[PDB]
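Enquirer: Below you will find the structure I want to go over with you.
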Amino acid sequence: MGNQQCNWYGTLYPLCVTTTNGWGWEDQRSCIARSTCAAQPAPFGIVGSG
């Protein structure tokens, strides 16, 4: 697979690649755009380390 996550200043959100054009809502929850998701600075960024 190859999904990215949003270490949101501490919280965790699923990345909305289609809504990567800003904040979006998918997965029956809130998804944060691509970069807005991970691109953010640390410790913000792409999460998903199983």
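Every number here is computed from the coordinates shown, using simple stated rules; none is lab data.
Enquirer: Counting pairs of alpha carbon atoms under 8 Å apart in space and at least six apart in sequence, what relative contact order in percent does the chain give?
Expert: Worked out over the chain, it gives 40 percent.
Enquirer: Hey, another quick one. Please state, to two decimals, what the Cα-based radius of gyration of the chain comes to when divided by 2.2 N^0.38 Å (N = residues).
Expert: Relative to the rule-of-thumb radius for its length, the chain sits at 0.97.
Enquirer: In terms of modelled amide H atoms, which long-range or inter-chain residues lie less than 5 Å from the amide H of residue 26?
Expert: 31
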